[PDB]
Each structure stands twice: as structure tokens, then as C-alpha cells.
Amino acid sequence: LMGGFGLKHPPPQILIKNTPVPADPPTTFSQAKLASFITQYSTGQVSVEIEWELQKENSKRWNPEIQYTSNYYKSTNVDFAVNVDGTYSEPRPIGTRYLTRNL
Amino acid sequence: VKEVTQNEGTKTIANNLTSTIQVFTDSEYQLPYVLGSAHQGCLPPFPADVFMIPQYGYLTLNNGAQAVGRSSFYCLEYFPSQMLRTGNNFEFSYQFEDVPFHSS
């Protein structure tokens with residue numbers, strides 16, 4: 001209902017964790033689980049690749065269809081670009097429905 | 001194909017042997033489909049009745065009497081069609097997709 005593709009077997013969940021590395025234990029045995037760990041984090045790169053199938057537009061319509069367009073008029077910032085401070089923004093929602101068909 | 005001439009209330013019909021008609025079927029379903037609307041102009045139920053072919057037309061999006069940007073226009077001469085003189089004929093075949101029996 002929010003949108004997209006319903007899937008019985010969707011892309012699986014990918015779960016990641018830092019393995020705990022404990023600090024030095026007491027040197028005399030204790031049954032209690034070790035609560036003292038070395039503070040750690042991890043970084044890296046993630047790459048994802050999707051292949052999408054397209055359904056081409058066969059329409060025989062004569063007059064030109066509505067398209068998604070960038071505004072021609074001048075502005076302080078480019079839409080879908082970083083600003084002076086360096087942060088990226090998306091100025092508007094872009095839906096997918098532009099070309100037309102007959103019922 | 002016949003031509004009609006009128007003057008002084010006199011009306012003459014004659015053969016024009018070099019004139020053509022144009023026929024095409026919309027196979028790719030690229031036009032507004034008006035057939036399922038239960039209009040008039042079907043073949044008569046009685047085989048000896050001569051009938052008139054209905055005019056084609058279609059509707060699209062509107063706001064009131066005005067068009068909107070999405071409303072589309074179709075030229076039917078922008079389709080390939082077969083041109084026939086008196087000696088020519090036209091034919092095509094069609095196969096229905098699988099559909100459940102009507103329950104009688």
C-alpha cells in the first residue's frame with residue numbers, strides 16, 4: 001500500500017555485527033559472562049547492483065506527451081545537487097507516471 | 001465506390017472505378033477501443049438488411065469542455081492501411097484468447 005513490488009520471497013535481510021573482543025579477564029576463574037569489552041567500530045564499502053527490466057512505450061499518440069523537466073529559469077542552487085555548505089537535497093517528489101495509455 | 005452529382009435537383013450516381021477505400025485493423029490496440037460500449041451500427045440480425053457503417057470517434061480526458069495536457073489526439077491516417085479498388089478484397093484472421101465458458 002505504500003508502493004512498489006509485493007514479494008513472497010523478497011531480497012533477504014543482510015545482518016552485520018562487530019564481533020565482541022573482551023578486555024583482559026580477571027586471571028582467576030569466574031563463571032559470570034564477560035561484561036568488559038574493547039570499544040570498536042567498523043567501516044567499509046557496500047556495493048549493490050540491480051538489473052531492471054523495461055517495458056517500452058508503444059503509443060501511437062500524435063500530440064506530444066508530458067515529460068518530467070528541469071525548470072529553465074535561473075536559481076541560486078541546482079535542483080538535486082549540493083549547496084554552498086555541501087549538503088545534498090531532493091527538492092520535490094518525482095513520481096513515475098508521465099506517459100499515457102488508453103484504457 | 002460511387003460518386004454523386006447534383007444540379008437543378010437532379011441527382012446522378014455513377015461508378016468511379018479508380019477510387020479507393022482504406023481499411024486497417026488495430027492489431028496492437030493503439031487506439032481508443034469503442035466497441036464494448038453497446039452502440040448501434042452492428043450488422044443487422046436479418047441477412048437481407050443493408051446497413052450503414054457507423055462513424056468512428058473517441059473521448060479523452062477533460063476538465064469541463066476543455067482538454068487537459070494528458071488528453072491525447074489520434075490521427076488514423078498515421079497508421080498503415082490497405083487501399084482497395086473494386087477488384088481488391090480484404091481479409092484477416094483472429095484467434096480468441098482462452099476464456100471461461102459462458103454458463104448457459
# chains A, B, ... in the order shown; residues from 1 in each chain; ligands from 1
>>> select_by_dssp(residues="chain A", states="strand (DSSP E or B)", output="list in words")
residues 22, 37, 82 and 88 of chain A
>>> closest_atom_pairs(of="chain B", to="chain A", cutoff="9 Å", atoms="only C-alpha atoms", output="JSON lines")
{"residue": "B:28", "atom": "CA", "partner": "A:58", "partner_atom": "CA", "distance": 8.7}
{"residue": "B:29", "atom": "CA", "partner": "A:102", "partner_atom": "CA", "distance": 8.8}
{"residue": "B:30", "atom": "CA", "partner": "A:60", "partner_atom": "CA", "distance": 5.9}
{"residue": "B:31", "atom": "CA", "partner": "A:102", "partner_atom": "CA", "distance": 7.2}
{"residue": "B:32", "atom": "CA", "partner": "A:102", "partner_atom": "CA", "distance": 6.0}
{"residue": "B:33", "atom": "CA", "partner": "A:103", "partner_atom": "CA", "distance": 8.1}
{"residue": "B:60", "atom": "CA", "partner": "A:102", "partner_atom": "CA", "distance": 8.7}
{"residue": "B:69", "atom": "CA", "partner": "A:66", "partner_atom": "CA", "distance": 7.0}
{"residue": "B:70", "atom": "CA", "partner": "A:66", "partner_atom": "CA", "distance": 6.8}
{"residue": "B:71", "atom": "CA", "partner": "A:100", "partner_atom": "CA", "distance": 8.7}
{"residue": "B:72", "atom": "CA", "partner": "A:61", "partner_atom": "CA", "distance": 6.3}
{"residue": "B:73", "atom": "CA", "partner": "A:62", "partner_atom": "CA", "distance": 5.7}
{"residue": "B:74", "atom": "CA", "partner": "A:62", "partner_atom": "CA", "distance": 5.4}
{"residue": "B:75", "atom": "CA", "partner": "A:62", "partner_atom": "CA", "distance": 6.6}
{"residue": "B:78", "atom": "CA", "partner": "A:60", "partner_atom": "CA", "distance": 8.1}
{"residue": "B:79", "atom": "CA", "partner": "A:60", "partner_atom": "CA", "distance": 8.4}
>>> write_last_selection(atoms="C-alpha atoms", output="PDB file, in the first residue's frame")
ATOM      1  CA  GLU B  28      -1.692  -3.623 -31.393  1.00  0.00           C
ATOM      2  CA  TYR B  29      -4.619  -1.970 -29.593  1.00  0.00           C
ATOM      3  CA  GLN B  30      -3.176   1.503 -30.080  1.00  0.00           C
ATOM      4  CA  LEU B  31      -6.486   3.349 -30.449  1.00  0.00           C
ATOM      5  CA  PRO B  32      -9.336   4.062 -28.051  1.00  0.00           C
ATOM      6  CA  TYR B  33     -11.492   0.949 -28.126  1.00  0.00           C
ATOM      7  CA  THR B  60     -10.266  11.549 -23.780  1.00  0.00           C
ATOM      8  CA  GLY B  69      -2.372  18.251 -21.030  1.00  0.00           C
ATOM      9  CA  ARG B  70      -2.735  14.478 -20.845  1.00  0.00           C
ATOM     10  CA  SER B  71      -5.676  14.355 -23.237  1.00  0.00           C
ATOM     11  CA  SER B  72      -4.450  12.771 -26.448  1.00  0.00           C
ATOM     12  CA  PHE B  73      -5.205  13.127 -30.150  1.00  0.00           C
ATOM     13  CA  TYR B  74      -5.066  10.308 -32.700  1.00  0.00           C
ATOM     14  CA  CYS B  75      -4.814  10.629 -36.469  1.00  0.00           C
ATOM     15  CA  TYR B  78      -0.910   7.834 -39.078  1.00  0.00           C
ATOM     16  CA  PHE B  79      -1.499   4.066 -39.293  1.00  0.00           C
TER      17      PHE B  79
END
>>> atom_distance(atom1="CA of residue 79 in chain A", atom2="CA of residue 96 in chain A")
17.8 Å
>>> residues_around(residues="residue 83 in chain B", least_positions_apart="5", cutoff="12 Å", atoms="only C-alpha atoms", output="list in words")
residues 18, 19, 20, 21, 22, 23, 24, 77, 88, 89 and 90 of chain B
>>> write_last_selection(atoms="N, CA and C atoms", output="compact mmCIF listing (two decimals), in the first residue's frame")
# COMPACT_ATOMS: atom_id res chain seq x y z
N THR B 18 -11.64 4.13 -60.35
CA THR B 18 -10.28 4.32 -59.87
C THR B 18 -10.22 4.79 -58.42
N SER B 19 -11.35 5.02 -57.78
CA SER B 19 -11.33 5.42 -56.39
C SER B 19 -11.00 4.24 -55.49
N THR B 20 -10.53 4.56 -54.29
CA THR B 20 -10.14 3.55 -53.32
C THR B 20 -10.89 3.75 -52.01
N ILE B 21 -10.87 2.71 -51.19
CA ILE B 21 -11.18 2.79 -49.78
C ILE B 21 -9.95 2.34 -49.03
N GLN B 22 -9.89 2.70 -47.75
CA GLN B 22 -8.78 2.34 -46.89
C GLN B 22 -9.32 1.53 -45.72
N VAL B 23 -8.64 0.44 -45.40
CA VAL B 23 -9.05 -0.45 -44.32
C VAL B 23 -7.82 -0.85 -43.53
N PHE B 24 -7.90 -0.74 -42.21
CA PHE B 24 -6.89 -1.36 -41.36
C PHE B 24 -7.57 -1.83 -40.09
N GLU B 77 -4.85 8.28 -40.06
CA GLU B 77 -4.01 8.16 -41.24
C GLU B 77 -2.55 8.03 -40.85
N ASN B 88 -10.08 -5.27 -55.59
CA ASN B 88 -9.36 -5.69 -54.40
C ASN B 88 -10.31 -6.19 -53.32
N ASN B 89 -9.80 -7.05 -52.45
CA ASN B 89 -10.54 -7.51 -51.29
C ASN B 89 -9.63 -7.51 -50.06
N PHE B 90 -10.25 -7.62 -48.90
CA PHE B 90 -9.56 -7.54 -47.62
C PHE B 90 -9.95 -8.72 -46.75
>>> residues_around(residues="residue 17 in chain B", least_positions_apart="3", cutoff="10 Å", atoms="only C-alpha atoms", output="MDAnalysis selection string")
chainID B and resid 1:3 14 20 85:87
>>> write_last_selection(atoms="C-alpha atoms", output="short mmCIF file (atom, residue, chain, number, x, y, z; two decimals), in the first residue's frame")
data_model
loop_
_atom_site.label_atom_id
_atom_site.label_comp_id
_atom_site.auth_asym_id
_atom_site.auth_seq_id
_atom_site.Cartn_x
_atom_site.Cartn_y
_atom_site.Cartn_z
CA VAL B 1 -17.20 3.17 -54.92
CA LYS B 2 -19.73 5.61 -56.35
CA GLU B 3 -19.79 9.36 -56.92
CA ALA B 14 -22.10 6.75 -61.19
CA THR B 20 -10.14 3.55 -53.32
CA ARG B 85 -10.25 -0.59 -55.57
CA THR B 86 -13.24 -2.50 -56.92
CA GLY B 87 -11.13 -5.54 -57.76
#
>>> residues_around(residues="range 30-38 of chain A", least_positions_apart="6", cutoff="9 Å", atoms="only C-alpha atoms", output="PDB file with C-alpha atoms, in the first residue's frame")
ATOM      1  CA  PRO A  20      32.963  -8.650  20.583  1.00  0.00           C
ATOM      2  CA  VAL A  21      36.578  -8.514  21.742  1.00  0.00           C
ATOM      3  CA  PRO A  22      36.784  -8.722  25.534  1.00  0.00           C
ATOM      4  CA  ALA A  23      39.264  -6.883  27.684  1.00  0.00           C
ATOM      5  CA  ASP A  24      41.637  -8.755  29.950  1.00  0.00           C
TER       6      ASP A  24
END
>>> closest_residue(among="B:43, B:34, B:13, B:68", to="residue 55 in chain B", atoms="only C-alpha atoms")
B:34
>>> closest_residue(among="A:81, A:46, A:94, A:1", to="residue 14 in chain A", atoms="only C-alpha atoms")
A:46
